[PDB]
file protein08.cif (mmCIF, C-alpha atoms and all ligand atoms)
data_start
loop_
_atom_site.group_PDB
_atom_site.id
_atom_site.type_symbol
_atom_site.label_atom_id
_atom_site.label_comp_id
_atom_site.auth_asym_id
_atom_site.auth_seq_id
_atom_site.Cartn_x
_atom_site.Cartn_y
_atom_site.Cartn_z
ATOM 1 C CA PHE A 1 -2.736 14.864 -4.626
ATOM 2 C CA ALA A 2 -5.181 12.707 -2.670
ATOM 3 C CA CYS A 3 -6.150 9.055 -2.312
ATOM 4 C CA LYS A 4 -9.180 6.914 -1.524
ATOM 5 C CA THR A 5 -9.982 3.310 -0.659
ATOM 6 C CA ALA A 6 -12.225 0.967 -2.626
ATOM 7 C CA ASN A 7 -15.187 1.703 -0.321
ATOM 8 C CA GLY A 8 -14.709 5.475 -0.611
ATOM 9 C CA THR A 9 -12.608 6.385 2.433
ATOM 10 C CA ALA A 10 -10.435 9.373 1.553
ATOM 11 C CA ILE A 11 -7.108 10.678 2.738
ATOM 12 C CA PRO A 12 -7.183 14.290 1.484
ATOM 13 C CA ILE A 13 -4.534 16.757 0.369
ATOM 14 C CA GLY A 14 -1.822 16.978 3.019
ATOM 15 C CA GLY A 15 -1.826 13.318 4.018
ATOM 16 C CA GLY A 16 -3.322 11.408 6.883
ATOM 17 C CA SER A 17 -4.199 7.823 7.737
ATOM 18 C CA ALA A 18 -6.920 5.328 6.889
ATOM 19 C CA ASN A 19 -7.959 1.745 7.579
ATOM 20 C CA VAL A 20 -8.177 -0.771 4.730
ATOM 21 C CA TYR A 21 -10.052 -4.059 5.159
ATOM 22 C CA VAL A 22 -9.032 -6.637 2.549
ATOM 23 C CA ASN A 23 -10.432 -10.034 1.643
ATOM 24 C CA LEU A 24 -7.773 -12.749 1.699
ATOM 25 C CA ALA A 25 -7.515 -16.186 0.170
ATOM 26 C CA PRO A 26 -8.952 -18.289 3.034
ATOM 27 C CA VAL A 27 -6.666 -21.289 2.384
ATOM 28 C CA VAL A 28 -2.966 -21.119 1.542
ATOM 29 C CA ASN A 29 -1.086 -24.391 1.232
ATOM 30 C CA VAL A 30 2.622 -24.723 1.862
ATOM 31 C CA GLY A 31 4.326 -23.799 -1.395
ATOM 32 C CA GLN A 32 1.628 -21.315 -2.437
ATOM 33 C CA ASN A 33 1.771 -17.527 -2.226
ATOM 34 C CA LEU A 34 -0.635 -15.350 -0.299
ATOM 35 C CA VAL A 35 -1.127 -12.200 -2.380
ATOM 36 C CA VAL A 36 -2.362 -9.057 -0.666
ATOM 37 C CA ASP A 37 -2.914 -6.848 -3.711
ATOM 38 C CA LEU A 38 -3.631 -3.290 -2.595
ATOM 39 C CA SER A 39 -3.759 -1.992 -6.184
ATOM 40 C CA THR A 40 -7.463 -2.891 -6.184
ATOM 41 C CA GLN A 41 -7.917 -1.235 -2.765
ATOM 42 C CA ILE A 42 -5.947 2.053 -2.819
ATOM 43 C CA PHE A 43 -6.234 4.733 -5.512
ATOM 44 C CA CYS A 44 -4.699 8.196 -5.909
ATOM 45 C CA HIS A 45 -4.778 11.108 -8.345
ATOM 46 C CA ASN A 46 -2.927 14.285 -9.297
ATOM 47 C CA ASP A 47 -4.863 17.502 -8.684
ATOM 48 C CA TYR A 48 -3.151 19.558 -11.406
ATOM 49 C CA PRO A 49 -1.085 17.345 -13.733
ATOM 50 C CA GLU A 50 -0.506 19.937 -16.484
ATOM 51 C CA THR A 51 1.841 21.915 -14.211
ATOM 52 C CA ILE A 52 2.732 19.540 -11.375
ATOM 53 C CA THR A 53 4.228 16.061 -11.424
ATOM 54 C CA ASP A 54 3.575 14.060 -8.270
ATOM 55 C CA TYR A 55 6.136 11.575 -6.980
ATOM 56 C CA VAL A 56 4.994 8.678 -4.820
ATOM 57 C CA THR A 57 7.129 6.158 -2.932
ATOM 58 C CA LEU A 58 6.447 3.309 -0.574
ATOM 59 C CA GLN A 59 8.479 4.857 2.228
ATOM 60 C CA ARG A 60 8.017 2.011 4.703
ATOM 61 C CA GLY A 61 6.062 -1.214 5.003
ATOM 62 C CA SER A 62 5.647 -3.006 8.331
ATOM 63 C CA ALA A 63 4.187 -6.430 9.106
ATOM 64 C CA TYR A 64 2.011 -7.348 12.086
ATOM 65 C CA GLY A 65 0.070 -10.238 13.571
ATOM 66 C CA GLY A 66 0.160 -13.462 11.608
ATOM 67 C CA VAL A 67 1.848 -11.875 8.595
ATOM 68 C CA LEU A 68 4.786 -11.015 10.860
ATOM 69 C CA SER A 69 5.077 -14.443 12.496
ATOM 70 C CA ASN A 70 3.824 -16.980 9.938
ATOM 71 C CA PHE A 71 5.024 -15.742 6.527
ATOM 72 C CA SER A 72 8.172 -14.725 4.699
ATOM 73 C CA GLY A 73 7.911 -12.542 1.631
ATOM 74 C CA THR A 74 8.348 -9.321 -0.278
ATOM 75 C CA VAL A 75 6.434 -6.265 -1.472
ATOM 76 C CA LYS A 76 6.122 -5.569 -5.201
ATOM 77 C CA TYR A 77 5.995 -1.843 -5.996
ATOM 78 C CA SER A 78 5.352 -0.815 -9.610
ATOM 79 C CA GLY A 79 6.964 -3.963 -10.978
ATOM 80 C CA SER A 80 9.969 -4.192 -8.629
ATOM 81 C CA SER A 81 10.219 -6.359 -5.510
ATOM 82 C CA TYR A 82 11.769 -5.364 -2.182
ATOM 83 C CA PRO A 83 12.118 -7.018 1.228
ATOM 84 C CA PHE A 84 9.041 -7.004 3.426
ATOM 85 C CA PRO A 85 9.195 -5.653 6.154
ATOM 86 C CA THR A 86 10.946 -2.908 4.184
ATOM 87 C CA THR A 87 14.440 -1.662 4.980
ATOM 88 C CA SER A 88 14.471 1.557 2.925
ATOM 89 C CA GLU A 89 12.282 3.859 0.867
ATOM 90 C CA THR A 90 11.512 2.734 -2.683
ATOM 91 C CA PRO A 91 12.090 4.830 -5.809
ATOM 92 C CA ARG A 92 9.394 7.241 -6.911
ATOM 93 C CA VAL A 93 6.384 6.544 -9.117
ATOM 94 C CA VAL A 94 4.880 9.335 -11.220
ATOM 95 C CA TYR A 95 1.229 10.351 -10.898
ATOM 96 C CA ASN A 96 0.086 12.567 -13.763
ATOM 97 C CA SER A 97 -3.697 12.104 -14.056
ATOM 98 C CA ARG A 98 -6.790 13.571 -12.414
ATOM 99 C CA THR A 99 -8.369 10.116 -12.715
ATOM 100 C CA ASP A 100 -7.938 8.021 -9.591
ATOM 101 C CA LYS A 101 -5.416 5.317 -10.466
ATOM 102 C CA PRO A 102 -4.178 2.313 -8.479
ATOM 103 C CA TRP A 103 -1.310 2.413 -6.024
ATOM 104 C CA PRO A 104 0.663 -0.538 -7.466
ATOM 105 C CA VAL A 105 1.550 -2.279 -4.198
ATOM 106 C CA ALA A 106 1.207 -5.995 -3.475
ATOM 107 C CA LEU A 107 2.602 -8.271 -0.772
ATOM 108 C CA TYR A 108 3.820 -11.730 -1.814
ATOM 109 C CA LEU A 109 3.894 -13.971 1.248
ATOM 110 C CA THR A 110 4.587 -17.679 1.558
ATOM 111 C CA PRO A 111 4.078 -19.689 4.779
ATOM 112 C CA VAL A 112 7.170 -20.541 6.815
ATOM 113 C CA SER A 113 7.537 -24.188 7.813
ATOM 114 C CA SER A 114 6.829 -23.238 11.454
ATOM 115 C CA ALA A 115 3.556 -21.563 10.453
ATOM 116 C CA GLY A 116 0.536 -22.337 12.564
ATOM 117 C CA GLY A 117 -2.795 -23.609 11.346
ATOM 118 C CA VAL A 118 -4.701 -20.369 11.751
ATOM 119 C CA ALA A 119 -2.053 -18.228 10.071
ATOM 120 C CA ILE A 120 -4.041 -14.957 10.049
ATOM 121 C CA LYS A 121 -7.026 -14.125 12.262
ATOM 122 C CA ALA A 122 -10.094 -12.322 10.934
ATOM 123 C CA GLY A 123 -10.135 -8.632 11.811
ATOM 124 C CA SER A 124 -6.427 -8.505 12.683
ATOM 125 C CA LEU A 125 -3.960 -5.842 11.628
ATOM 126 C CA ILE A 126 -1.584 -7.425 9.112
ATOM 127 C CA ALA A 127 0.408 -4.488 7.700
ATOM 128 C CA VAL A 128 1.034 -0.749 7.741
ATOM 129 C CA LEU A 129 2.015 0.810 4.407
ATOM 130 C CA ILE A 130 3.216 4.414 4.231
ATOM 131 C CA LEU A 131 2.780 6.266 0.944
ATOM 132 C CA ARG A 132 5.060 9.318 0.733
ATOM 133 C CA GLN A 133 4.172 11.993 -1.832
ATOM 134 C CA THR A 134 6.350 14.825 -3.161
ATOM 135 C CA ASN A 135 6.292 16.943 -6.341
ATOM 136 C CA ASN A 136 8.308 19.079 -8.769
ATOM 137 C CA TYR A 137 6.454 22.200 -7.608
ATOM 138 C CA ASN A 138 7.154 23.099 -3.965
ATOM 139 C CA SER A 139 8.428 21.522 -0.733
ATOM 140 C CA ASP A 140 5.368 19.347 -0.021
ATOM 141 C CA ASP A 141 6.359 16.082 1.689
ATOM 142 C CA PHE A 142 3.245 14.211 2.816
ATOM 143 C CA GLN A 143 2.741 10.735 4.280
ATOM 144 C CA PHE A 144 -0.414 8.702 3.627
ATOM 145 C CA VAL A 145 -0.694 5.940 6.232
ATOM 146 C CA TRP A 146 -2.579 2.799 5.174
ATOM 147 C CA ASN A 147 -3.506 0.373 7.970
ATOM 148 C CA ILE A 148 -4.241 -3.028 6.413
ATOM 149 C CA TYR A 149 -6.676 -5.369 8.187
ATOM 150 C CA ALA A 150 -7.658 -8.932 7.338
ATOM 151 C CA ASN A 151 -11.343 -9.447 6.559
ATOM 152 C CA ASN A 152 -11.236 -13.192 7.246
ATOM 153 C CA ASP A 153 -9.182 -16.046 8.645
ATOM 154 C CA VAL A 154 -6.331 -17.412 6.554
ATOM 155 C CA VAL A 155 -5.553 -21.068 7.317
ATOM 156 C CA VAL A 156 -2.466 -23.007 6.250
ATOM 157 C CA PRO A 157 -3.436 -26.714 6.252
ATOM 158 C CA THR A 158 -0.929 -29.442 7.036
HETATM 159 O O1 LIG B 201 -1.461 16.912 -6.904
HETATM 160 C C1 LIG B 201 -0.987 18.228 -7.157
HETATM 161 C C2 LIG B 201 -0.741 18.990 -5.875
HETATM 162 O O2 LIG B 201 -2.020 19.157 -5.239
HETATM 163 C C3 LIG B 201 -1.976 19.900 -4.032
HETATM 164 O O3 LIG B 201 -1.395 21.166 -4.256
HETATM 165 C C4 LIG B 201 -1.852 21.932 -5.307
HETATM 166 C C5 LIG B 201 -1.107 23.044 -5.663
HETATM 167 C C6 LIG B 201 -1.506 23.824 -6.733
HETATM 168 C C7 LIG B 201 -2.650 23.514 -7.464
HETATM 169 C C8 LIG B 201 -3.083 24.356 -8.618
HETATM 170 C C9 LIG B 201 -2.260 24.588 -9.710
HETATM 171 F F1 LIG B 201 -0.997 24.123 -9.701
HETATM 172 C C10 LIG B 201 -2.686 25.287 -10.819
HETATM 173 F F2 LIG B 201 -1.858 25.470 -11.861
HETATM 174 C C11 LIG B 201 -3.965 25.786 -10.853
HETATM 175 F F3 LIG B 201 -4.399 26.454 -11.941
HETATM 176 C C12 LIG B 201 -4.806 25.596 -9.783
HETATM 177 F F4 LIG B 201 -6.057 26.083 -9.803
HETATM 178 C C13 LIG B 201 -4.358 24.895 -8.686
HETATM 179 F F5 LIG B 201 -5.194 24.750 -7.642
HETATM 180 C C14 LIG B 201 -3.386 22.394 -7.086
HETATM 181 C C15 LIG B 201 -2.997 21.609 -6.016
HETATM 182 C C16 LIG B 201 -1.088 19.190 -3.018
HETATM 183 O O4 LIG B 201 -1.639 17.920 -2.692
HETATM 184 C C17 LIG B 201 0.303 19.024 -3.608
HETATM 185 O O5 LIG B 201 1.156 18.343 -2.697
HETATM 186 C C18 LIG B 201 0.222 18.275 -4.930
HETATM 187 O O6 LIG B 201 1.508 18.213 -5.534
#
call {"tool": "encode", "arguments": {"input": "protein08.cif", "output": "structure tokens"}}
result
Amino acid sequence: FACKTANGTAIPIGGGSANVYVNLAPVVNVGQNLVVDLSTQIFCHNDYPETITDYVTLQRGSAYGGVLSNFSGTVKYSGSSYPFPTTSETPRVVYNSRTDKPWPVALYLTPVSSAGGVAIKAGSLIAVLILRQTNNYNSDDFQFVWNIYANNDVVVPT
């Protein structure tokens, strides 16, 4: 089991950490959602699916910078929504293909009334998402750390 980003940065077998720089909707009005869809940014595969089934959870998701202070929201993992920042590890998703497939994670964030104009600053850390991988084969328990950075400013107009 291993993963890569959209620009080709890999976290190999055994886990690790990587930085992910995502483009964000530059304008989010009150009432709208800011969607940070990592399923187009993070991909993973199973290295021997005929014998081994890989299990993959979102173990923890933390918010930082303007996402912490200016938004309220949730994380959607494989069709289910949970609080964000997370309070517990999600259920497992099955990976059973050698073809790199998306990690189905997305943040759904809406501005709080006290949000400031410049809600997210370009280049800032906005989230840390931990992918935890196990299997039905041995005792492997590996954490893939995804550090999410904003590519651009996000403004919430009045
Ligand atoms: O994604 C599958 C596994 O890939 C790595 O662990 C491997 C253990 C065994 C084999 C393997 C196998 F199971 C076979 F049946 C083979 F024929 C073979 F050549 C293999 F290399 C490949 C990867 C780790 O990330 C682990 O954590 C993961 O579960």
call {"tool": "closest_residue", "arguments": {"input": "protein08.cif", "among": "A:78, A:133, A:147, A:90", "to": "ligand LIG 201 (chain B)", "atoms": "all atoms listed in the file"}}
result
A:133
call {"tool": "resolve_selection", "arguments": {"input": "protein08.cif", "expression": "the PyMOL selection byres (((not hetatm)) within 9 of (chain B and resi 201))", "output": "PyMOL selection string"}}
result
chain A and resi 1-2+12-15+45-55+95-98+133-142
call {"tool": "residues_near_point", "arguments": {"input": "protein08.cif", "point": "(-6.9, -14.2, 16.2)", "cutoff": "12 Å", "atoms": "only C-alpha atoms", "output": "list in words"}}
result
residues 64, 65, 66, 67, 116, 117, 118, 119, 120, 121, 122, 123, 124, 125, 126, 149, 150, 151, 152, 153, 154 and 155 of chain A
call {"tool": "resolve_selection", "arguments": {"input": "protein08.cif", "expression": "the PyMOL selection byres (((chain A and resi 37-40) around 6) and not hetatm)", "output": "PyMOL selection string"}}
result
chain A and resi 35-36+41-42+102-106
call {"tool": "atom_distance", "arguments": {"input": "protein08.cif", "atom1": "CA of residue 22 in chain A", "atom2": "CA of residue 85 in chain A"}}
result
18.6 Å
call {"tool": "closest_residue", "arguments": {"input": "protein08.cif", "among": "A:72, A:99, A:81, A:86", "to": "residue 113 in chain A", "atoms": "only C-alpha atoms"}}
result
A:72
call {"tool": "atom_distance", "arguments": {"input": "protein08.cif", "atom1": "CA of residue 71 in chain A", "atom2": "CA of residue 146 in chain A"}}
result
20.1 Å
call {"tool": "atom_distance", "arguments": {"input": "protein08.cif", "atom1": "CA of residue 63 in chain A", "atom2": "CA of residue 130 in chain A"}}
result
11.9 Å
call {"tool": "resolve_selection", "arguments": {"input": "protein08.cif", "expression": "the PyMOL selection byres (((chain A and resi 91) around 8) and not hetatm)", "output": "list in words"}}
result
residues 57, 58, 89, 90, 92 and 93 of chain A
call {"tool": "closest_residue", "arguments": {"input": "protein08.cif", "among": "A:143, A:59, A:110, A:70", "to": "residue 3 in chain A", "atoms": "only C-alpha atoms"}}
result
A:143
call {"tool": "closest_residue", "arguments": {"input": "protein08.cif", "among": "A:56, A:43, A:16, A:29", "to": "residue 112 in chain A", "atoms": "all atoms listed in the file"}}
result
A:29
call {"tool": "axis_aligned_box", "arguments": {"input": "protein08.cif", "around": "range 58-74 of chain A", "padding_each_side": "3 Å", "output": "JSON"}}
result
{"center_x": 4.3, "center_y": -6.1, "center_z": 6.5, "size_x": 14.4, "size_y": 27.8, "size_z": 20.1}
call {"tool": "closest_residue", "arguments": {"input": "protein08.cif", "among": "A:114, A:74, A:100, A:32", "to": "residue 8 in chain A", "atoms": "only C-alpha atoms"}}
result
A:100
call {"tool": "closest_residue", "arguments": {"input": "protein08.cif", "among": "A:77, A:61, A:128, A:158", "to": "residue 31 in chain A", "atoms": "all atoms listed in the file"}}
result
A:158
